[PDB]
Structures are given as structure tokens and as C-alpha cells.
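Contents: one structure, followed by commentary.
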Amino acid sequence: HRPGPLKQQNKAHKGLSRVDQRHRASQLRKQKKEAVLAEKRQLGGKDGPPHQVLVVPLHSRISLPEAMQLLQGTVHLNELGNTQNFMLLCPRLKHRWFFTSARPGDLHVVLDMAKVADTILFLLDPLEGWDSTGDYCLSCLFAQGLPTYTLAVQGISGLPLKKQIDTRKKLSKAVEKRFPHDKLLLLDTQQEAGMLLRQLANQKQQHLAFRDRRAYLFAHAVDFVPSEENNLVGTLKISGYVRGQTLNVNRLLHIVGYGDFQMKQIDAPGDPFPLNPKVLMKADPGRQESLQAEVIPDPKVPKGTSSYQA
Amino acid sequence: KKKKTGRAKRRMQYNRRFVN
Amino acid sequence: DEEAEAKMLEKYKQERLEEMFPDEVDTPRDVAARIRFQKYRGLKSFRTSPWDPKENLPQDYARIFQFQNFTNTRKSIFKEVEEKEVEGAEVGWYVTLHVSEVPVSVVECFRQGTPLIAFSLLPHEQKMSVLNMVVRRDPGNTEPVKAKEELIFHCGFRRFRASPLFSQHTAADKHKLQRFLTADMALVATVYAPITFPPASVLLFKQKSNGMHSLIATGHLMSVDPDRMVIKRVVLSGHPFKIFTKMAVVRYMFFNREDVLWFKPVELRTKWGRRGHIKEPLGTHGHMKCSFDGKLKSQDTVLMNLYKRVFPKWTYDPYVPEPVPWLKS
Amino acid sequence: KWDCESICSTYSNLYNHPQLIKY
Amino acid sequence: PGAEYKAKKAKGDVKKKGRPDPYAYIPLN
RNA sequence: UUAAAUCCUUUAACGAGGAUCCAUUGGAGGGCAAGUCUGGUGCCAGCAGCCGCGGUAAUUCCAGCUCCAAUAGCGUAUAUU
RNA sequence: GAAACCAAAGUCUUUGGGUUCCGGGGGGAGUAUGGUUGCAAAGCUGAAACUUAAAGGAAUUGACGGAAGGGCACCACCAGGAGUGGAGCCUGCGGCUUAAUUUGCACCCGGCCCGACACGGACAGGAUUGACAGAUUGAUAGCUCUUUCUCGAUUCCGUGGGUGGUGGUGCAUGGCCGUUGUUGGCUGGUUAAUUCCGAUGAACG
């Protein structure tokens with residue numbers, strides 16, 4: 001209701017100096033630069049585990065042995081049944097590498113060596129971007145989590161120079177729908193290999209949140225000794241570099257394809273490939289050591305009468 | 001089907017809105 | 001061979017039927033609705049309506065572990081590993097580890113060239129519990145997957161074969177079951193698995209006939225809790241004969257009088273937005289009279305929602321077969 | 001004489017505990 | 001004032017089963 | 001051409017009918033040009049610079065079709081006129 | 001001039017007589033802090049972070065439960081009368097029961113009867129139509145349950161969210177009824193009776 005003129009409505013009465021700024025900025029800059037310097041020195045140096053580089057070709061035409069021959073300082077070549085991985089030492093650049101490689105398509109090898117690697121080197125075709133096998137590997141790697149990656153092209157030298165420049169343009173156009181701002185490199189000669197190695201050494205490290213909290217280890221050498229041969233079980237001796245955190249015997253060890261296990265001893269022999277050319281301190285008992293109990297251990301009617309007349 | 005692009009689309013627009 | 005293709009056509013037809021009509025069913029003629037949908041109850045406001053999270057827990061939940069405060073426990077363990085120093089071999093040392101009960105075959109996996117990666121876990125990550133993992137379907141694969149078929153999980157340095165349970169990703173207490181994983185949104189896979197602390201990447205693979213694995217779903221771990229309630233919905237449909245002033249006679253919904261007397265005290269709705277409840281069963285052939293909030297048209301169809309908490313299936317297989325290299329289809 | 005809502009009163013909620021990890 | 005107990009189709013006072021016998025309670029001031 | 005090249009220009013040869021040798025980016029309630037079309041969701045999911053739309057007949061949400069504006073360009077954030 | 005109004009609040013887009021103070025959407029807020037004056041109370045100067053699509057001015061009414069005067073009424077009242085509401089009978093709405101207790105004959109319980117498109121099958125080896133009998137049935141009935149007799153392409157089984165058909169309903173639509181004066185002109189049976197039934201036209205205004 002809006003009152004008229006007869007109702008009474010009284011009208012209301014409308015009654016830091018520039019030196020200190022520069023010093024503060026410099027203090028913050030020194031703190032940030034010191035933290036950055038410590039984090040960059042924590043990887044791949046004299047005090048750290050080797051920089052692990054997973055070389056994945058993305059095409060069937062990529063000659064992986066040629067690329068791994070270009071990439072190898074001092075080379076110490078660990079060999080397996082079919083594949084070979086090599087430790088590289090550059091005392092000129094003062095840096096240690098472990099180059100591993102895997103063809104795309106075989107899922108467990110690429111995923112298991114990608115969850116432990118520090119850098120992934122994606123090899124590219126000069127003409128096309130990648131195969132469908134490479135696209136499947138890329139989908140799996142993107143979904144699992146990408147560490148620091150670098151793209152390198154293998155076959156730019158075979159083409160004529162006009163076609164070299166034009167195909168470099170076309171290759172960047174093709175790749176840019178998945179890696180939008182990434183510089184391609186070239187792998188033709190030894191000096192391009194040296195520039196690639198220097199690029200891999202000095203590069204900001206994408207940090208994977210899962211493996212940073214738990215300890216992990218890539219097996220450099222594994223031996224076995226059976227407790228009972230008929231039982232087909234016994235002590236496994238796995239040797240490699242510790243990467244993530246400080247490991248303890250009071251917590252279990254999982255192998256990715258074989259489940260949980262209980263370590264019984266941890267010893268520290270000599271570093272086989274140190275950069276600049278037996279001991280065990282741990283106690284076993286189950287006062288706080290976890291066990292493998294994944295499941296809880298605790299366990300007058302007539303004959304003719306129907307239901308209506310009933 | 002595909003659409004005309006460039007001068008042809010403007011020609012089609014002019015024929016549609018002014019000629020008839 | 002041909003039976004596999006017939007099953008493929010059957011699964012595609014089921015996918016099309018679920019996509020067209022969400023989870024409608026046809027009522028069994030011979031089996032009574034009382035004994036068929038015995039464990040189904042009707043909710044009033046789905047999300048708001050209170051469902052007890054402890055009613056009818058199965059034997060499988062008697063074998064798993066529970067966190068009274070998962071967030072605080074994870075924060076405490078992360079704070080402890082971040083700040084408090086545990087004695088042992090630290091980062092950068094070339095160590096050797098003697099580990100006690102290991103099968104021989106792992107050695108034959110190393111010797112032919114396969115990589116071998118070990119990782120020392122966190123506490124309470126060996127025990128079995130219920131994992132909820134948010135996933136999205138990969139655009140590269142389009143074959144249908146049903147709600148309780150076995151898949152291969154890559155969850156946080158762990159690979160295992162298990163049967164998930166697909167649910168809608170909401171922030172409420174009750175989550176509706178998704179009978180098929182469709183390729184547009186984010187769903188939740190609920191499964192019995194060992195405890196893994198987030199964050200962790202989650203990959204869902206399907207094993208093909210030739211040994212290949214096709215990437216089905218990509219996502220991340222969401223939580224570790226069996227307190228999540230996954231609810232399966234069953235929708236029953238009924239047709240009105242004739243319309244009075246806010247009164248309708250529904251047929252083809254039940255087929256016995258005792259079935260109508262059973263599913264009486266919970267409310268029904270319509271496809272066009274009207275709402276009503278069963279007044280009284282008219283015939284003893286399932287026909288019933290029911291009142292509404294408004295007079296509905298003759299082409300309108302009435303719907304009834306029944307809800308049942310569904311638990312996942314214990315199909316935890318830690319062994320995953322080694323693939324053949326992936327290639328073109 | 002049971003219906004959908006009465007039978008839910010006959011559901012016990014104290015039998016199948018999962019083991020609880022405290023804080 | 002007993003609106004839940006008034007019959008819609010008739011004048012009178014219809015019983016309900018969930019609630020007790022028909023009535024209407026209003027407070028004082 | 002040029003230091004030698006590349007590109008442009010000049011010329012042989014091949015090179016177009018779905019001329020698939022396939023033009024995008026934002027919008028269609030008003031401001032402000034362009035739909036009260038159809039399917040889905042039902043104050044939810046969302047849109048919306050602003051006014052506002054969505055609570056079972058959505059001209060405004062998600063889409064199909066159609067239409068509008070600029071066009072090898074067109075949206076968005078910010079500074080400034 | 002926004003108007004209330006103003007001989008100034010006029011001499012203003014035809015905009016310049018001189019000069020002082022002072023405002024810039026609403027709040028935070030005349031607040032904090034700093035300065036200054038004061039015995040004190042306090043006075044003077046005075047923010048920002050943040051927050052919001054309004055805040056406000058001029059007059060004008062129009063709805064707006066309602067409020068004050070009257071008029072009328074035994075479906076309003078005073079004075080009454082007959083009463084119902086008390087009991088029984090039956091009748092309507094509710095409610096309760098059941099198969100329904102139809103309704104402001106859907107159905108109870110039974111028995112009957114019967115669309116094309118495409119594709120995959122059977123199809124003259126015969127697809128199919130018509131049945132003597134006996135009975136199932138609540139009764140019969142080839143529309144049924146056993147027994148083979150006949151007509152033979154007139155075919156008959158299933159599946160699709162794609163049309164769809166004695167489909168239903170609304171619009172336009174061609175013909176056609178009715179709707180908006182005057183004068184003429186007996187073979188038959190049957191009943192009291194030229195009785196009953198039974199065959200059986202023209203002009204003028």
C-alpha cells in the first residue's frame with residue numbers, strides 16, 4: 001500500500017624509499033635464485049643419481065640404433081637380452097647420464113621406463129609427425145604423466161635444402177597440435193648431439209607428484225639365490241640408485257608386475273660409475289615393520305469349501 | 001554441400017536481398 | 001567367432017537402449033515384482049532423501065579397511081615424510097637390496113630385456129580397500145563397456161585386473177549407477193584394490209582378443225573410501241487408460257494386485273513433469289487408480305523409480321598378461 | 001503385510017564392519 | 001484450522017490413519 | 001637473382017567438378033544484424049559485459065538444422081584514447 | 001527550470017562583467033592513521049583495502065485487506081410456530097471392505113474374434129481356405145481339443161524407434177434440401193357403415 005497525501009510523510013534531512021624497495025626486491029631475488037640453484041644442483045651431478053633419459057621413437061622409420069650411436073665423454077654400456085642401455089659421463093660438462101630406449105607399442109616397457117625416467121627424448125619423422133603406434137604411446141604417456149621432454153628430428157639431412165626448410169615448417173605445423181610451444185632439435189652430426197646433450201642437462205624439471213613422495217629404484221643389476229629350489233622362491237638381490245626419498249626396511253617394497261615384498265637387508269656397495277674418479281645401517285624387527293596382511297586376519301475346513309466360503 | 005566463399009558469397013547475398 | 005559378433009550386436013543394442021531410455025526395464029510376467037525387486041526401495045528426493053550408509057553391508061566389506069579420517073591421515077603421512085627424517089639410504093646412493101620371498105620368474109623377466117622397477121611404498125598402502133577413480137573415455141576407442149566387466153587398471157605404479165563399478169561424479173551422498181561408460185563426461189570407477197594415496201594417474205585398458213590392450217579410459221585417483229554409496233536405479237513405466245480430474249488409471253505397470261499393494265508407499269512421476277502417488281489398486285490384474293497434481297494428457301507415460309545400493313565385485317587379480325606390441329586395427 | 005518402507009525397518013546396520021584405521 | 005482433516009469431496013471430518021483422530025490445535029498468546 | 005644461395009619475377013612439363021584443391025571465428029530476447037524451429041535437461045547443468053533466461057509449453061542452457069556479422073581472419077584479458 | 005516553482009533560481013549550445021569557497025554513483029566513512037588546537041569533552045584537516053547497480057530528486061494519482069454513512073432481505077435478525085440434530089428405517093456424499101462395491105459397467109472373473117515398408121526363413125514336396133463327427137467349456141463352437149476330407153498362391157512366421165493406417169481431429173472447398181396469394185379437378189379378402197387393409201391431374205395474378 002502506498003499512502004496518499006493525507007498520511008504524514010516527513011521529508012528526511014539530507015545531512016618505502018626507493019633504496020629500500022630495491023633492497024627488498026634484491027632480497028627476494030637472492031632467496032628465489034638460491035632455492036633454484038639448490039634444486040638444479042640436486043639432479044645428475046656428483047652427489048645425485050644419473051640423469052635418466054628415455055629415448056622413444058614415434059615412427060617406424062626412425063633408426064633407433066643410429067640415434068643411440070650418435071648419443072654416445074665415457075660410455076659404459078649395460079647390455080640385456082635384446083636391448084642395451086648406457087651410462088654416459090661428461091666431466092667436461094660435469095654431468096652423468098643413463099640412456100635407456102624403448103620402441104612404442106609394447107605398453108609395459110614404455111610405461112615402466114617412463115614412470116622412472118627424468119627426461120623423455122621423443123624422436124620424430126621428418127615427413128610425418130608420428131605413427132598411430134606413436135599416437136597410442138603418446139596418449140598413454142600423457143595420461144600417465146609427462147616428465148621433462150625434448151623433441152628431436154632424425155632425417156632432415158637426406159632431403160634437398162629447399163625441401164629441408166619447407167619440411168621443417170610442415171613438421172612444426174603437424175606437431176603443433178600436440179606440443180604447441182616446443183622447439184625441435186636435429187640429430188644428424190656429433191655437434192648436434194652435443195647441443196642436444198647440453199640442452200638436456202640445463203632444462204627446468206617437470207616434477208611428477210606421485211614418485212616424489214615414495215622411494216623408487218630402477219634395477220641396474222639383479223641376481224637371485226633360492227632358499228628352496230623346489231619352492232621356487234629365494235632372496236633377490238637388486239642393485240640400483242635410490243631416487244625419490246630415503247627408503248627404510250620397516251615399509252614394504254612393491255615391484256610393478258609382481259606385487260608387494262618384504263626386504264630383509266639393505267647394503268651400500270661402491271658406486272660402479274662415479275662422476276669424478278658392504279656398509280649397512282638398518283634394523284629389521286617387526287616392532288614397527290609392516291606385514292603383508294592385505295586382508296583382515298579376523299574372520300475345521302470341509303473338502304468342498306473354497307477360500308471365499310472359508 | 002560446401003558454401004561459396006569470398007566474392008561469390010557476397011554475390012549470392014546481393015542476389016538474395018536485392019535482385020528478387 | 002560369430003557368437004562374439006552376436007554378443008557385440010547385443011551389447012551395442014543394450015547401449016542404444018540405455019542411451020535412448022535411461023534405465024527403464026520391462027517387468028517380468030511370470031516372476032512377481034515383489035520377489036524380483038525385493039531389495040529395491042523408493043527414494044523421495046534422491047539426493048536429499050536419507051539413505052543409511054551401513055544398511056546391508058556384504059561379506060566383501062568385512063575383508064577391507066576403513067579410514068575414520070582419510071584427509072587428516074594423508075596430510076599427517078605427507079607431513080611426516082616431508083619434514084621428519086627416517087634413517088636409511090638416502091637419494092643418490094647405489095644400493096643393493098636383499099628381499100626375501102621373490103619368485104624365480106622375475107629374474108627371467110630381467111634377463112630377456114624387460115625393465116624391472118621397484119618402489120618403496122608408504123605405510124597402509126598394502127591393505128585392500130575401496131578405490132574411487134574419476135575417468136574419461138578415450139576418443140580413440142568406441143566399443144561399449146558394461147558396468148561390471150573386467151578391465152586392466154594402471155593405478156599409481158600398480159597394474160592389476162579388476163571389475164569396476166561406474167557411477168556419476170557428483171558431490172552428494174548418493175551417486176546413480178551408470179550402466180554403460182559413455183564417451184562424453186567424467187565417471188567414477190569404484191573397485192576393491194590396495195590403498196593408494198592421491199595423487200595418482202589412472203589408466204583403464206581392455207584386453208583384446210589378439211593380446212593387444214586398447215586404452216579405454218584416462219583419469220586420476222579420487223578417493224579411498226567404502227563410505228561412498230553407488231545406487232542402481234530401476235525405472236518402471238505405466239500407461240493410463242483414461243483421465244479424470246487429477247485421477248488416472250494406470251495399466252501395464254504391474255500385473256498382480258499384491259505387487260501394487262507392495263510398491264504403494266513411494267511416489268511416482270511422469271515424463272512430462274507431473275507428480276503423483278498410487279491411490280488404490282483397481283483390478284487384480286495390476287491395474288490401479290492413482291491421483292496427481294494436475295490433469296495429464298493421454299500420451300503421457302508414468303514412471304516409477306526404485307533404488308538399490310550396489311557393491312562392486314571382488315575380482316582383484318594382481319597378474320596382468322604381457323601385451324603383444326600395439327598396432328593398427 | 002509388509003511393503004517397501006516397513007521391510008527397511010528390518011535391516012540391521014551393525015554386522016559387516018570393515019576394520020577401522022584410527023587417527 | 002483442521003484443513004488437513006476437511007474432506008475435499010464432502011462436508012464433514014474425514015479420518016487419517018497415520019495421524020490420530022481429527023482435531024485442530026491453536027495456541028494462545 | 002646473389003658474395004654463393006633462397007624468395008619474387010620469366011618460362012618448359014604435370015596439375016580442377018563433391019573443381020574432397022571441402023574458410024574460419026563469434027553470435028540469433030533487447031542493446032545489436034540474425035529462430036518465439038526440433039530433440040535433451042528441468043532454478044539442476046549452465047548461460048549472461050548489463051537488463052535478465054533456466055523451478056515440465058526454455059525465442060537466451062547442451063545439441064541438429066537454418067540464419068546473421070567480419071573474413072584469412074575472428075574472439076578473450078588488460079592498459080589507454 | 002526535471003518539475004515544485006523563481007522577478008531571480010532570468011539576461012545559458014545566440015554558451016566569457018569581476019572574484020572566493022566548493023561537488024564528481026551509493027557505501028566503507030568524516031572512519032583509521034598522521035598532524036594541529038583544547039584542562040577535558042572534543043574541534044580542524046582526513047584515507048585506502050573492500051563492497052555494490054543502483055542511491056536519490058520533482059510532482060500526479062490508480063490498485064491496496066480495509067474504514068465511516070445508508071438501502072434491502074425470514075435462503076438476515078426480534079416475538080414466536082413447526083422442526084431436524086435424540087432412537088429406529090431407508091437414501092447422498094465421505095470413510096472402511098472386497099473382484100467391482102461403475103459414475104461425476106472403464107473394469108471383477110472367464111471365453112471369443114481379428115495394418116502395410118524392408119530383411120531373414122517356410123512356400124506347390126504344397127503355403128493357405130472351408131469341416132463330418134466326439135469333447136473341451138460355465139454351455140457351444142472347427143472361433144477351441146483329437147481323426148484326416150476338400151479350395152489351392154488368394155501365401156504365413158519373426159525382427160526395426162525408418163515410414164506408417166476403414167486411423168482420429170481442425171482449416172479452405174463444388175452441388176443439393178429446407179430456411180431467410182387465387183381458381184379448378186376396384187381383381188381380393190373384411191366390417192354395422194361409400195367400414196378396414198390390399199393394386200390404382202391443371203391453370204391465373
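Just remember, in the C-alpha cells the first chain shown is A, the second B, etc., residues are 1-based per chain, and ligands are 1-based in the order shown.
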
| task | Identify, with DSSP run on backbone atoms, the residues in region 111-304 of chain C assigned to alpha helix (DSSP H), and express the list as a ChimeraX atom specification. | result | /C:111,257-262

| task | Within 8 Å of residue 266 (chain A), counting only C-alpha atoms (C1' of nucleotides), which residues show up once you throw out same-chain ones fewer than 5 positions away? Write them as JSON, numbers by chain, please. | result | {"A": [249, 280, 281, 282], "C": [95, 96, 97, 98]}

| field | Selection: 8 Å around residue 235 (chain A), only C-alpha atoms (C1' of nucleotides), excl. self and same-chain fewer than 4 positions, as a PyMOL selection string | value | (chain A and resi 224-227) or (chain C and resi 98-102)

| request: Can you pull out every residue within 12 Å of residue 9 (chain E), counting only C-alpha atoms (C1' of nucleotides), but drop anything in the same chain fewer than 6 positions away, and send it as a PyMOL selection string? | output: chain G and resi 93-95+104

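Our summary of the geometry notes that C1' of residue 138 (chain G) is positioned 20.9 Å from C1' of residue 107 (chain G).
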
Counting only C-alpha atoms, which residues from chain D have an atom at most 12 Å from any atom of chain A, and could you show them as a PDB file with C-alpha atoms, in the first residue's frame?
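What ended up in selection-v3.pdb:
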ATOM      1  CA  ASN D  16      29.663 -56.242   8.481  1.00  0.00           C
ATOM      2  CA  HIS D  17      32.132 -53.683   9.790  1.00  0.00           C
ATOM      3  CA  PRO D  18      35.262 -53.024   7.773  1.00  0.00           C
ATOM      4  CA  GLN D  19      38.293 -52.683  10.018  1.00  0.00           C
ATOM      5  CA  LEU D  20      38.833 -49.064  11.021  1.00  0.00           C
ATOM      6  CA  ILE D  21      42.176 -47.246  10.921  1.00  0.00           C
TER       7      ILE D  21
END

Contacts between chain F and chain C, please, where a residue of chain C counts if it comes within 8 Å (with only C-alpha atoms (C1' of nucleotides)); show its shortest atom pair and distance in Å to one decimal, rows by chain and ascending number, as a Markdown table.
| residue | atom | partner | partner_atom | distance |
| --- | --- | --- | --- | --- |
| C:272 | CA | F:56 | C1' | 5.5 |
| C:273 | CA | F:56 | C1' | 4.3 |
| C:274 | CA | F:56 | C1' | 7.4 |

| field | Exercise: residue 39 (chain F) partners within 12 Å, only C-alpha atoms (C1' of nucleotides), chain neighbours under 2 positions left out, as a ChimeraX atom specification | value | /C:20 /F:37,41,62-65

Emit the selected residues as a PDB file, in the first residue's frame, including C-alpha atoms (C1' of nucleotides).
ATOM      1  CA  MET C  20      17.538 -43.683 -25.557  1.00  0.00           C
TER       2      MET C  20
ATOM      3  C1'   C F  37      12.049 -24.498 -35.373  1.00  0.00           C
ATOM      4  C1'   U F  41      17.934 -31.074 -19.074  1.00  0.00           C
ATOM      5  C1'   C F  62      23.591 -28.733 -24.486  1.00  0.00           C
ATOM      6  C1'   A F  63      22.988 -30.153 -29.430  1.00  0.00           C
ATOM      7  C1'   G F  64      20.822 -30.802 -35.089  1.00  0.00           C
ATOM      8  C1'   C F  65      19.034 -27.568 -38.940  1.00  0.00           C
TER       9        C F  65
END

Quick one: which chain G residues come within 12 Å of chain C, and what is the nearest atom pair for each with the distance in Å to one decimal, counting only C-alpha atoms (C1' of nucleotides), rows ordered by chain and ascending number, as a Markdown table?
| residue | atom | partner | partner_atom | distance |
| --- | --- | --- | --- | --- |
| G:98 | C1' | C:282 | CA | 10.8 |
| G:99 | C1' | C:283 | CA | 7.1 |
| G:100 | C1' | C:283 | CA | 8.2 |
| G:101 | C1' | C:282 | CA | 11.5 |
| G:102 | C1' | C:282 | CA | 11.8 |
| G:103 | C1' | C:244 | CA | 11.5 |
| G:104 | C1' | C:244 | CA | 9.8 |
| G:106 | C1' | C:242 | CA | 8.2 |
| G:107 | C1' | C:283 | CA | 7.0 |
| G:108 | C1' | C:283 | CA | 7.0 |
| G:109 | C1' | C:284 | CA | 9.7 |
| G:160 | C1' | C:13 | CA | 11.5 |
| G:161 | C1' | C:20 | CA | 9.0 |

Would you mind exporting C-alpha atoms (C1' of nucleotides) of the selected residues as a PDB file, in the first residue's frame?
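Heads up, here's the output in out-v5.pdb:
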ATOM      1  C1'   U G  98     -13.644 -56.502  -1.219  1.00  0.00           C
ATOM      2  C1'   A G  99     -13.385 -58.519  -7.731  1.00  0.00           C
ATOM      3  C1'   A G 100     -16.086 -54.296  -8.527  1.00  0.00           C
ATOM      4  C1'   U G 101     -18.835 -52.255  -4.406  1.00  0.00           C
ATOM      5  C1'   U G 102     -19.386 -48.220 -12.284  1.00  0.00           C
ATOM      6  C1'   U G 103     -20.298 -42.894 -12.421  1.00  0.00           C
ATOM      7  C1'   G G 104     -19.481 -37.178 -11.587  1.00  0.00           C
ATOM      8  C1'   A G 106     -13.795 -48.498 -17.544  1.00  0.00           C
ATOM      9  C1'   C G 107     -13.216 -52.626 -15.107  1.00  0.00           C
ATOM     10  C1'   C G 108     -14.154 -58.179 -11.396  1.00  0.00           C
ATOM     11  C1'   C G 109     -13.789 -63.095 -13.129  1.00  0.00           C
ATOM     12  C1'   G G 160      13.478 -52.487 -36.801  1.00  0.00           C
ATOM     13  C1'   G G 161      12.394 -46.046 -32.614  1.00  0.00           C
TER      14        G G 161
END
